[PDB]
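Student: Using the deposited numbering, the letters of the sequence shown map in sequence onto residues -1 to 268. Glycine included, every Cβ here is placed at the ideal spot set by N, Cα and C. Please find one structure pasted underneath; my questions will follow.
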Amino acid sequence: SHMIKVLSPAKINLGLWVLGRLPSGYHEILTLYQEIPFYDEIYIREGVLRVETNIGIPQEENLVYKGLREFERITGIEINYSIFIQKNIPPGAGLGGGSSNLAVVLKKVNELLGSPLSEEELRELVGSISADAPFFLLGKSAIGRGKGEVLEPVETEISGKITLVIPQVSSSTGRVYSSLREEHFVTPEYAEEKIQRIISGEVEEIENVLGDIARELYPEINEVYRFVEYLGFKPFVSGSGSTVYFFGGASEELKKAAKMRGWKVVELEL
Ligand SMILES: Nc1ncnc2c1ncn2[C@@H]1O[C@H](COP(=O)(O)OP(=O)(O)O)[C@@H](O)[C@H]1O
Ligand SMILES: Nc1ccn([C@@H]2O[C@H](COP(=O)(O)OP(=O)(O)O)[C@@H](O)[C@H]2O)c(=O)n1
Ligand SMILES: [Cl-]
């Protein structure tokens, strides 16, 4: 009852660098987050606390449910909202779809409940569940530090066409970080120079070691990477895979080869 709809956007990493290993066993990163016009559709209704999707994600596993239940635990308030998410952003595509879902729902539910959580409290809540989530409370363009949750909004000189080519294989972030050799690490200073160049519009400066690894672990990601090269474009990888992107439009040759393999092609403009 009283149905409202909210969009839940995807992100790409315009470069990612691993800086070190933290006491938790998690890795410190530098990355440039970019919100893209590619959305999940979320329906928010008054009713029993429920989180359903259209792709069969178990409610207990759902980041949105874990968020709303933690909301209840922290605030003592009973959340009486039914959530249905139409999942267009594929899980494991390195596009932070789950984190986006988490962030947008909790921000809206907070607002609906008269904002019992401050910006600091909302951000720390979503961040405790997912490091990529706080970015989606800002959107647009931001440098991500720590594990990604320490953010600095920036304005980039990047505009024009960006095309995503999404393989079928779902990339595991855990497996990718586990294959990461201590020699793949870089200094924050190196990564900072790279990011500054990318912000200025020098997209050829984008790189991502997790993509190097994803390509070694999941051959289909490598196939997509190689195919984008064959088309005469520099390919880039989002998150820990699986999505390969490039700066140019989708051609009929790409589209046809995608349909034959089941690759999702997403044509964006910034
Ligand atoms: N609402 C959600 N949407 C997508 N994935 C989710 C959600 N809740 C939990 N997950 C988990 O996150 C994994 C995929 O991560 P996702 O955030 O979609 O992209 P990535 O982590 O590759 O950037 C899934 O395998 C799934 O188990
Ligand atoms: N910044 C990060 C993010 C993830 N990881 C690793 O990747 C695993 C899976 O990441 P995830 O965010 O998809 O799942 P969680 O285990 O965080 O719930 C984590 O358990 C970490 O071991 C990391 O080392 N550093
Ligand atoms: Cl890359």
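(1) Would the segment 238 to 245 and the segment 213 to 221 be scored as touching if the rule is three or more Cβ pairs under 8 Å?
(2) Would the C-beta of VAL201 count as close to ligand 3, meaning under 6 Å from any of its heavy atoms?
(3) Is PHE225 helix, strand or coil when you go by DSSP?
(4) At the level of alpha carbons, what is the spacing between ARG143 and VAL167?
(5) Quick check on DSSP: helix, strand or coil for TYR24?
(6) For residue 320, I'd like the list of residues in its chain whose CB is within less than 6 Å of its CB, leaving aside the five on either flank, ordered along the chain.
(7) Among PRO35, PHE36, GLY18, which one has its Cα closest to the Cα of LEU28?
(8) Just checking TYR243 against ligand 2 - is the residue's beta carbon closer than 6 Å to any of the ligand's heavy atoms?
(9) Report yes if the C-beta of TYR31 is less than 6 Å from at least one heavy atom of ligand 2; otherwise report no.
(10) Ignore the nearest five residues each way along the sequence and tell me which others in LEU123's own chain have a CB closer than 8 Å to its CB.
(11) What residues does ligand 2 have around it, judged by CB closer than 5 Å to any heavy atom, in chain order?
(12) Rank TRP15, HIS0, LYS3 by C-alpha distance to the C-alpha of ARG179 and give the top, closest one.
(13) Take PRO88 as the anchor and find which of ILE164, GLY23, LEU100 has the nearest alpha-carbon.
(14) CA-CA distance, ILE2 and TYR41?
Tutor: Answer, in terms of the structure:
(1) In short, these stretches touch, since the Cβ pair count reaches three.
(2) Remark: the C-beta of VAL201 is outside contact range of ligand 3, defined as less than 6 Å to any heavy atom.
(3) Reduced to three states, the DSSP call for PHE225 is helix.
(4) Put simply, the backbone Cα of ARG143 is about 28 Å away from that of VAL167.
(5) Three-state result, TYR24: coil.
(6) Residue coverage of the chain in this structure runs from -1 to 268, which leaves residue 320 outside it and unanswerable.
(7) The option with the nearest alpha carbon to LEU28 is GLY18.
(8) No, since every heavy atom of ligand 2 falls outside the 6 Å radius drawn around the Cβ of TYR243.
(9) No, since every heavy atom of ligand 2 falls outside the 6 Å radius drawn around the Cβ of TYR31.
(10) Closer than 8 Å at the Cβ level, and outside the excluded window around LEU123, lie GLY65, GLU68, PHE69, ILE72, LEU104, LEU115.
(11) Residues lining ligand 2 by the Cβ criterion, that is a Cβ closer than 5 Å to any of its heavy atoms, are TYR24, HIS25, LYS145, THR171, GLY172, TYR175 in chain order.
(12) The residue with the shortest Cα to Cα distance from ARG179 is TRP15.
(13) Closest by alpha carbon: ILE164.
(14) Distance between the alpha carbons of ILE2 and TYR41 is about 6 Å.
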